[PDB]
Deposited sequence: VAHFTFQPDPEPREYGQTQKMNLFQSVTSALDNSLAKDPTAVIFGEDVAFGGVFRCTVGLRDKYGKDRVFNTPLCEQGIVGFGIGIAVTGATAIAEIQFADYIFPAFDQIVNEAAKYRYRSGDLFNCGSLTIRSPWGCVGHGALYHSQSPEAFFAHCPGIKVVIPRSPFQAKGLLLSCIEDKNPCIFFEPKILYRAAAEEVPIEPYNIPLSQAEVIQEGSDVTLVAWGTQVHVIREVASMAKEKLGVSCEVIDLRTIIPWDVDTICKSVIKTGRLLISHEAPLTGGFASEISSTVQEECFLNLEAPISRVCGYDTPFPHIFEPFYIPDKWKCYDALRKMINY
């Protein structure tokens, strides 16, 4: 491997997603869940038990057609009902790109708020998994970040996944929620059994620090947490570790406040460097924090290739790649 709310239970990240979906269908009689293979529980177990508990009209399989899954979900949402669509791997969200970018994101604007699909959420497994190669590993968030009118949210853990997914489901805008698949059955943590929300468009500073700011999302948050530890032990460097959580609209203020304090920024993500979301954060921080920058903002990202099978260990922006970049930046 490269990496206050009432009663809780240990849950891994697949279980936390089920818990959020269960809490949703319990409290919102309009809500339905659909997509390929969700009825028997899904290919990553995220919908286990829900059709037996809520009914076949509420948790059901569609034909194998992703542009149809999203257009159908938009249609449900136009009527005001909560529509929770699944796309089986984020790599297969592209057939639905026109329905997401040209239709869902623009629905409310283009109608003058006469119609909307705010009650749509699209959830999909995301990110590398050790051996997924080109079409089981992708992290498409930067493709969606350039589309005003959708929100894109990615959690780092089971507690975070359930509170951010419930926020997506209840938010009155169409949301894509990317579930890091390599964490589905990784370590459990305590997760409240009843519903709770974590705000969208809010980053989280998970460790305070004074020398450098590190920003990541998804599984890569754990990588940068470990880089922080390596930096403290080997270099005596204090790192502020931030999980961005929402890709758009993103929390510009929390990131800029951190960088005004530290004077340094390193952004990391599994997605390719060119056009990746680190470019937006970098260019923005450079505009707002220019006079504070002690060194150039560093992006440690996947290379600009498709995501390889046998070469995955050499492709990912692992802790050594991030640490080496950090070391050079500290020495700039």
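What the model leaves out of the deposited chain are the segments 1, 5-13.
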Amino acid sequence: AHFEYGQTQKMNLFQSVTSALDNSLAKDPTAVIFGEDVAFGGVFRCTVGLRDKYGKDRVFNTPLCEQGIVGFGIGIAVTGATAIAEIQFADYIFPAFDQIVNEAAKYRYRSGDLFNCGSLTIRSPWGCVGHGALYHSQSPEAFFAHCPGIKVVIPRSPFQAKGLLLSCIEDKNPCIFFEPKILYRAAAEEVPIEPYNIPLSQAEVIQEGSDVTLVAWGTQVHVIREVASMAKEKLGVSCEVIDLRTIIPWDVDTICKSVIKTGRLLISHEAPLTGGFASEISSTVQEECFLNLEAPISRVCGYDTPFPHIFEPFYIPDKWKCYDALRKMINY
From here on, numbers count along this sequence of modelled residues.
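Higher mean CA B-factor, judged across 39-47 and 295-303 from the recorded values: 295-303. Remark: stretch with higher mean C-alpha B factor among 156-164 and 213-221 is 213-221. Going by the entry's values, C289 shows the largest Cα B-factor out of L64, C289, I33, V70.
The entry assigns its greatest Cα B factor, within the set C117, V237, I87, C175, to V237. In the deposited entry, the Cα temperature factor of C256 places it in the highest third of its chain's modelled residues.
When the modelled residues of the chain are ordered by C-alpha B-factor, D243 sits in the middle third. Compared with the other modelled residues of the chain, the Cα B-factor recorded for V17 ranks in the lowest third. The PDB entry assigns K232 a C-alpha temperature factor belonging to the highest third of its chain's modelled residues. Remark: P192 belongs to the highest third of its chain, ranked by C-alpha B-factor as recorded.
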